[PDB]
């Protein structure tokens, strides 16, 4: 939330002191999480290695 | 045998006949302390031109003491003493003689030819290596790396 | 350890025996004041020709107290000290000596060798890059970027 | 005959008429001790620029003594004495004379003549040896011998 650059805003308002937050989940639960994403979220590659002498 | 800063400064004072074991002068300890500080300063700045020599300084906030060990090898005593004498004679306002200048030059040259190292100009990096080296079997790359 | 002002002007006076303990003389506060102001002026001047060496200048409007620190590393003490002596001898109408001049010149060289950057010339920006460097993948890779 | 550091320092003081048998005074123990220490440091440095010449350094913390032997050949005595005189004459605030300087230089030249090196550089290593030397398969030596690489399959240096 940049006041001098209106065009890069991506949130309704700035976060000041005393704002309220919460944690999504439980105290010490463990599980296997599901996932969802777009194609261009992350990228993976395998760098080739050179031969030894 | 240890090589202590106090006796290095004593030798520096002695070589020009300022205060020795056979002199009736009783030179003040403040002069010795100042000489030790000057030696520490000069040997600290010698980490630039002559490189590293083997000196161990007074780590921490503690001040130098004449009895504290220097750690230098015995092979550098005359060179260090001559340089200190040349840098210190101005305190007592004396003009060095050509024999002392020549001896200091000889000792410094011995020090510095002992310390001398020469580098080797490594290959550029895009310079090709010939087919005689039999690359891809004997050597992995077809060009010199030429870097660290 | 830590270096402080006043010590440098004391070194400058001691190196020419204006006020030391090798002689029986005691220093005069006018000498300390003059040395402090001239050291501050010289360090202000040195911000252009030799380059910044991290000296801590006076803040606000108060005078440079002789007991304050300087921030200079111990290695450069001899270089600063020999220049101050050269600039204060005229105050007392003395005359330097060839050995002192040679020592000052040697110490100055050490500061210069340490603070040395040799610029590297860079390509024009209209000089083409070769076809061996595949120039169809990256940004502005058809020619050399130039400066910045 | 054996040679002693005391004899060397006595020669050094005698050669410039300081503590000889033709003077109003004699030798002093302080002068002897200073000469011995100066000789010790001198040869400690001489182990660098000139070659090793067979000095016997006292072990441990024991002080070198005039009665102790040095082990030098007698042919180096003049050179060592003149160098010691040159490096020690400034203690008594005198000035060497050109004749003494010439003698010292001549003795040093005689010393340095006996210890030459002449490295006599080798071949290159990729330089072919002739076909007239009749090499063989299992003996290799198609070329003058040179250094050979070290190959390790665990540390990927390449």
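Protein chains in written order, with PDB author numbering: chain m, 319 to 371; chain w, 3 to 150; chain h, 3 to 150; chain z, 3 to 160. Idealized CB from N, CA, C, for every residue including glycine.
So which residues on chain h does residue 88 of chain w lean against when the C-beta distance must stay under 8 Å?
-> Neighbours of residue 88 of chain w on chain h, chain order: 101, 105.
Helix, strand or coil at residue 27 of chain h according to DSSP, with G and I counted as helix = Correct three-state label for residue 27 of chain h: coil.
What residues from chain z crowd round residue 129 of chain w, counting only those whose CB sits closer than 8 Å?
-> Within chain z, no residue has its beta carbon less than 8 Å from that of residue 129 of chain w; the closest one is some 16 Å off.
From this set, h:144, h:32, h:140, which residue's C-alpha is nearest residue 131 of chain h's C-alpha?
-> Checked all of h:144, h:32, h:140; the closest Cα to residue 131 of chain h is h:144.
Can you give the Cα-Cα distance for residue 29 of chain z and residue 10 of chain z, rounded to whole angstroms?
-> Each residue's alpha carbon lies about 13 Å from the other.
Cα-Cα separation, residue 6 of chain z to residue 73 of chain z = Residue 6 of chain z and residue 73 of chain z: Cα-Cα distance of roughly 8 Å.
Taking only runs that begin and end inside the segment 67 to 123 of chain z, name each unbroken alpha helix (DSSP H) of 4 or more residues, in chain order.
-> Complete alpha helix (DSSP H) runs here, min 4: 79 to 90, 100 to 115.
Buried or exposed for residue 124 of chain h, please, with buried defined as at least 16 other CB atoms from any protein chain shown within 10 angstroms of its CB.
-> With fewer than 16 other Cβ atoms inside 10 Å of its own Cβ, residue 124 of chain h counts as exposed.
Near residue 22 of chain z, what residues of its chain come up, given a Cβ to Cβ distance below 6 Å and the 5 sequence neighbours on each side ignored?
-> Only 16 meet the Cβ criterion.
Just confirm the distance between the C-beta atoms of residue 77 of chain h and residue 49 of chain w, as a whole number of angstroms; I'd bet it's less than 8 Å.
-> About 7 Å separates the Cβ atoms of residue 77 of chain h and residue 49 of chain w, confirming a contact at the 8 Å cut-off.
Taking 9 Å as the cut-off, decide whether the C-beta atoms of residue 96 of chain h and residue 13 of chain h are in contact.
-> It is not a contact, given that the beta carbons lie outside the stated cut-off.
Ignore the nearest five residues each way along the sequence and tell me which others in residue 88 of chain z's own chain have a CB closer than 6 Å to its CB.
-> Setting aside the 5 residues that flank it on each side, residue 88 of chain z is surrounded in the same chain by 106, each with a C-beta closer than 6 Å to its C-beta; the list follows chain order.
Could you check where the alpha helix (DSSP H) with residue 10 of chain w kicks off and where it finishes?
-> Residue range 7 to 17 is occupied by the alpha helix (DSSP H) that includes residue 10 of chain w.
Just grab the DSSP bridge partners of residue 137 of chain w for me.
-> Residue 137 of chain w pairs with w:141.
C-beta neighbour in chain z for residue 18 of chain w, strict 9 Å = Judged by the 9 Å Cβ criterion, residue 18 of chain w is in contact with chain z.
So which of m:354, m:320, m:363 has the shortest CA-CA distance to residue 330 of chain m?
-> Of the listed residues, the one whose Cα sits closest to residue 330 of chain m is m:320.
Per DSSP, cross-strand counterpart(s) of residue 130 of chain z = Bridge partners of residue 130 of chain z: z:145.
If you check the beta carbons only, do residue 84 of chain z and residue 109 of chain z fall under 9 Å apart?
-> Remark: C-beta atoms of residue 84 of chain z and residue 109 of chain z approach each other more closely than 9 Å.
By the criterion of Cβ-Cβ separation under 8 Å, what are the contact partners of residue 49 of chain z in chain w?
-> Those within 8 Å of residue 49 of chain z in chain w are 77.
Partner residues on chain w for residue 370 of chain m, Cβ-Cβ distance less than 8 Å | Those within 8 Å of residue 370 of chain m in chain w are 142.
Are there 16 or more other CB atoms within 10 angstroms of the CB of residue 81 of chain h, so buried, or fewer, so exposed?
-> Counting of Cβ neighbours within 10 angstroms places residue 81 of chain h among the buried residues, the total reaching 16 or more.
Which same chain residues, not among the five before or five after residue 31 of chain z, have their C-beta less than 8 Å away from its C-beta?
-> For residue 31 of chain z, where only same-chain residues beyond five positions count, there are no Cβ hits under 8 Å.
Is there at least one Cβ from chain m nearer than 9 Å to residue 149 of chain w's Cβ?
-> Cβ-Cβ to chain m under 9 Å: no for residue 149 of chain w.
Does the segment 35 to 42 of chain z come close enough to the segment 56 to 67 of chain z to have 3 or more Cβ pairs within less than 8 Å?
-> Yes, since at least three Cβ pairs between the segment 35 to 42 of chain z and the segment 56 to 67 of chain z fall closer than 8 Å, the two stretches touch.
Taking C-beta to C-beta, are residue 127 of chain z and residue 149 of chain z nearer than 9 Å?
-> Taking the C-beta atoms as reference points, residue 149 of chain z is found nearer than 9 Å to residue 127 of chain z.
On a CA-only basis, which of z:122, z:117, z:136 is nearest residue 1 of chain z? Give me that one, please.
-> Given a span of 3 to 160 for chain z in the structure shown, any question on residue 1 of chain z remains unanswerable.
Separation of residue 147 of chain z from residue 138 of chain z, as counted between CA atoms = Our two residues, residue 138 of chain z and residue 147 of chain z, have alpha carbons roughly 15 Å apart in a direct line.
CA-CA distance, residue 100 of chain w and residue 98 of chain z?
-> Answer to the nearest angstrom: the Cα atoms are 10 Å apart.
Residues of chain h with a CB under 9 Å from the CB of residue 74 of chain w: which are they?
-> The contacting residues do not exist; residue 74 of chain w stays about 18 Å from chain h at best.
To the nearest angstrom, report how far apart residue 129 of chain h and residue 337 of chain m are at their CA atoms.
-> Cα to Cα, the separation comes out at about 57 Å.
Spatially closest choice to residue 351 of chain m from m:359, m:358, m:342, m:357, by CA coordinates | Checked all of m:359, m:358, m:342, m:357; the closest Cα to residue 351 of chain m is m:342.
How about residue 113 of chain z and residue 52 of chain z: do their beta carbons lie closer than 9 Å?
-> The Cβ atoms of residue 113 of chain z and residue 52 of chain z lie closer than 9 Å to each other.
Per-residue DSSP class, three states only, for residue 324 of chain m | DSSP places residue 324 of chain m in helix when its eight states are reduced to three.
Just confirm the distance between the C-beta atoms of residue 371 of chain m and residue 157 of chain z, as a whole number of angstroms; I'd bet it's less than 8 Å.
-> Under the criterion of beta carbons closer than 8 Å, residue 371 of chain m and residue 157 of chain z do not qualify as touching, at roughly 12 Å.
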